[PDB]
Structure formats: C-alpha cells, structure tokens
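The next block holds one structure in the form of structure tokens; read it before the comments.
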Amino acid sequence: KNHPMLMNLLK
Amino acid sequence: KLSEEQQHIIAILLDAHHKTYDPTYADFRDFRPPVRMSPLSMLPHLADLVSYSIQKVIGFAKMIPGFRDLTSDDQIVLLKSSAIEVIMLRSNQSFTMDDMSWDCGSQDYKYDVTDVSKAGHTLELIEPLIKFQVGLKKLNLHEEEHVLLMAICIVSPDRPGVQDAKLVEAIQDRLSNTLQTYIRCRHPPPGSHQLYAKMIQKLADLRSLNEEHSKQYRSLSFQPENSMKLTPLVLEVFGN
Ligand SMILES: C=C1/C(=C\C=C2/CCC[C@]3(C)[C@@H]([C@H](C)[C@@H](CCCC)C[C@@H](O)C(C)C)CC[C@@H]23)C[C@@H](O)C[C@@H]1O
C-alpha cells in the first residue's frame with residue numbers, strides 16, 4: 001500500500 | 001441563518017472549485033486524441049481525462065476547510081475511495097439532458113453512451129451512471145450546494161481504512177450543517193423540498209456506482225494490454 005503520486009499531490 | 005463561519009466555508013469551496021474546474025475545458029487538447037469509430041478506441045482519451053480530473057479533485061480536496069487537520073494516511077484513503085465519485089459529481093456540470101451526454105465545449109469533446117462503452121465499460125454501469133446524472137441535474141443545485149456535496153462526499157468517515165474517523169466526521173458535520181442551513185436560508189421552495197435528503201441520497205447512489213466501477217475496473221485492467229492504456233496516476237488511485 002504505497003501511493004507516492006497521490007501523496008505528492010496532496011502535498 | 002448562515003453564521004459567518006458557514007459563509008466562510010461556502011466562499012472557500014466556491015473558490016476551490018473555480019480554481020480546479022475550467023468550464024472552457026481548454027486543457028482537453030493535451031489529452032491523447034479521442035477516436036470514435038477496437039472496443040477500446042476511446043480509452044486513451046478518457047483515461048487521460050480521468051487522470052487529469054483526479055488531479056483536480058485532489059486540488060479541490062486540499063482546500064476543504066478542516067481537511068488539512070487530517071493525517072497524510074487518512075487523506076490518502078479519503079481521496080482513493082471518493083475520486084471516481086467526485087469525478088461523477090463534478091461531471092454533472094457538463095452533463096446535458098438534451099441528448100444525455102457530457103458536452104465539454106466541442107463535438108470532439110462531447111461524450112455519450114457510445115463513447116463511454118468504447119472505454120471498456122458496459123451498460124451494467126453506464127445506464128445507472130446516466131440515470132444518476134439526470135436525477136442530479138434535475139435537482140438544479142446552486143453552485144454552493146454542488147461544492148458542499150463534493151466536499152461532504154470526500155470527507156466521509158465510513159470509508160474503509162480510515163483511522164481518525166471521528167475527526168473526519170466532525171469535519172464532515174460542519175460541511176453538512178453548512179449545507180442544511182444554506183438550503184433553509186438561500187434555497188427557495190419548492191426547489192428546497194427535501195433537497196438535503198435528496199442530496200444525501202445521491203451519495204448513496206454514488207456508493208453503488210463506485211462498487212460496480214471497482215468491479216469493472218478490475219476486469220478492464222485485468223489484461224496488461226489495457227492497463228497499458230491508462231496513466232500512472234489512474235493505476236495508483238484505482239488500483240493495481
Ligand atoms: C472528467 C470529467 C467529465 C466527464 C466525465 C465522464 C464522461 C465521459 C466518461 C467518463 C470520463 C468516465 C470514464 C470513461 C470511466 C468509466 C466510468 C464507468 C462508466 C473509466 C475509468 O473507470 C478508467 C478506465 C479511466 C468517468 C466519468 C465520465 C467532464 C467535465 O465535467 C470535467 C470532469 O472532471
């Protein structure tokens with residue numbers, strides 16, 4: 001469960 | 001009546017939406033071109049449209065009053081589960097009951113049931129989606145109600161994987177109360193008749209659409225050949 005892109009966009 | 005805080009919330013949500021939803025749809029030109037004739041000829045274009053829209057929904061979410069007080073992990077879970085739902089809600093803005101389609105400024109960017117079926121989905125899901133759009137359109141929501149609904153959909157305490165569900169609920173309640181009060185003060189009858197109950201019902205409708213979407217997404221992205229047509233963001237958010 002890793003969401004690097006989603007995390008980067010949420011700031 | 002609307003407290004000053006509640007008027008604040010609406011002001012913020014209206015602005016957040018204006019900054020994340022371009023009604024001229026100028027960026028659609030950057031998407032892989034749509035092909036209308038290859039039962040997946042519209043997948044590249046629509047996948048890009050969805051990926052782009054996921055980014056916009058995130059940008060909207062970040063501006064929701066109180067969203068910031070949430071942890072990184074809870075923010076991810078809320079966005080991952082609500083994305084397709086907010087995209088369905090926000091799409092109502094371009095949906096038109098004239099010919100049951102999404103009119104994004106030009107014939108090339110005007111999508112109908114045929115186009116969506118060419119993205120790898122069946123009527124099992126498309127027909128209900130259209131029915132959803134028509135029922136939502138008929139509510140003639142004020143832009144204020146539209147943005148509050150999307151915010152309420154995003155900050156849902158019952159999404160699986162949520163940790164601080166009570167904080168999520170507190171945040172949501174503040175939006176709900178703003179909405180309920182706004183309807184009572186700014187929305188004139190008969191249009192306001194059970195409007196809040198009807199809006200919450202659309203959220204329930206979205207859960208069914210989300211569920212069927214997750215099943216068809218699995219099927220569509222089953223063959224590496226098709227998941228290959230999506231985008232990295234779409235794969236990360238919707239799974240796989
Ligand atoms: C985006 C926006 C818009 C429309 C959304 C539509 C209409 C065409 C078909 C879309 C883009 C659907 C997709 C074809 C998804 C199908 C949903 C189930 C029928 C496909 C995804 O599972 C994945 C394969 C990319 C989802 C929402 C639908 C237009 C505009 O309102 C901006 C908004 O952000």
Side-chain angles (χ1 to χ4, degrees), chain A, chain B residues 3-21 50-91 144-182 196 199-200 202-211 213-214 217-218 221 230-240:
Chain A
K1 170 144 280 59
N2 296 299
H3 301 74
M5 293 186 279
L6 188 51
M7 197 183 116
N8 176 280
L9 296 166
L10 282 174
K11 171 165 201 53
Chain B
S3 66
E4 291 294 320
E5 186 190 63
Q6 287 172 169
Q7 300 173 189
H8 176 64
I9 293 180
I10 298 177
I12 291 306
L13 292 179
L14 290 178
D15 173 68
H17 178 55
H18 293 154
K19 286 176 160 46
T20 55
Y21 191 107
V50 169
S51 194
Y52 168 94
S53 294
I54 287 176
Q55 293 181 48
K56 299 311 181 187
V57 172
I58 290 167
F60 172 76
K62 294 169 64 170
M63 297 187 261
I64 296 171
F67 193 84
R68 45 147 53 162
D69 309 317
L70 290 171
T71 59
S72 164
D73 284 61
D74 266 346
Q75 287 181 186
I76 288 183
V77 180
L78 295 185
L79 265 299
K80 189 187 182 67
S81 53
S82 69
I84 190 61
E85 288 177 26
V86 181
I87 286 175
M88 287 172 180
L89 279 168
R90 81 201 307 270
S91 79
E144 286 82 351
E145 295 160 343
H146 182 68
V147 298
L148 279 159
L149 185 59
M150 289 189 288
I152 291 165
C153 173
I154 289 174
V155 190
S156 298
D158 64 319
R159 304 291 193 177
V162 174
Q163 291 296 294
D164 195 346
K166 296 198 163 306
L167 179 62
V168 177
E169 190 170 312
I171 298 179
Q172 189 188 59
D173 284 340
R174 164 148 41 60
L175 302 179
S176 299
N177 284 309
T178 291
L179 174 59
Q180 303 183 64
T181 298
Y182 175 91
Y196 177 73
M199 289 176 74
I200 299 311
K202 293 312 153 191
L203 294 181
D205 289 358
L206 289 167
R207 299 307 184 90
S208 305
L209 294 173
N210 195 339
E211 171 176 56
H213 177 272
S214 282
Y217 178 72
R218 272 192 166 68
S221 68
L230 309 179
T231 73
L233 179 57
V234 165
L235 286 165
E236 200 196 86
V237 177
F238 294 174
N240 204 53

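Naming convention: chains lettered A, B, ... in sequence-line order (proteins, then strands); numbering from 1 in each chain. Computed over heavy atoms, backbone and side chain alike; hydrogens, waters and symmetry mates excluded.
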TODO: Can you run down the salt bridge (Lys or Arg N to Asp or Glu O under 4.0 Å) pairs that involve residues 231-240 of chain B, sequence neighbours left out, and say none if there aren't any?
DONE: none
- [ ] Please identify each residue that fulfils side-chain contact (heavy atoms from CB on, under 4.5 Å) with B:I200, with sequence neighbours left out.
- [x] B:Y196, B:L203
Task: Under the salt bridge (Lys or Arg N to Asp or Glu O under 4.0 Å) test, residues paired with B:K80 that sit two or more places apart - done: none
Open item on the list: To the nearest 0.5 Å, what is the distance between NZ on B:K62 and CG on A:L9?
Closed with: 7.0 Å
Task: salt bridge (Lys or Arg N to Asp or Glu O under 4.0 Å) partners of B:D158, counting only residues at least two apart - done: B:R207
- [ ] Using the test salt bridge (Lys or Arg N to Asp or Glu O under 4.0 Å), find all partners of B:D74 that sit at least two apart in sequence or belong to another chain.
- [x] none
Open item on the list: For B:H17, give me all partners under side-chain hydrogen bond (donor to acceptor under 3.5 Å, both in side chains), at least two apart in sequence or on another chain.
Closed with: B:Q93
Let me check something: any side-chain donor-acceptor pairs from residues 160-168 of chain B under 3.5 Å, sequence neighbours excluded? List them with distances.
residue	atom	partner	partner atom	Å
B:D164	OD1	B:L167	N	3.1

Task: Within residues 172-181 of chain B or reaching into it, pairs that qualify as side chain to side chain donor-acceptor pair (under 3.5 Å) - sequence neighbours excluded - done: none
TODO: Could you pull out all residues at least two apart from B:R159 that satisfy salt bridge (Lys or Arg N to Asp or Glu O under 4.0 Å)?
DONE: B:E85
TODO: Check side-chain contact (heavy atoms from CB on, under 4.5 Å) between B:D15 and all other residues, then give those that pass, not counting sequence neighbours.
DONE: B:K19
Open item on the list: Keeping B:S53 on the side-chain end and B:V50 on the backbone end, is there a donor-acceptor pair under 3.5 Å?
Closed with: no
- [ ] Under the side-chain contact (heavy atoms from CB on, under 4.5 Å) rule, collect the residues that match up with B:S72, sequence neighbours excluded.
- [x] A:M7, B:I76
Task: side-chain contact (heavy atoms from CB on, under 4.5 Å) partners for B:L14, two or more places apart - done: B:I10, B:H18, B:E143, B:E144, B:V147
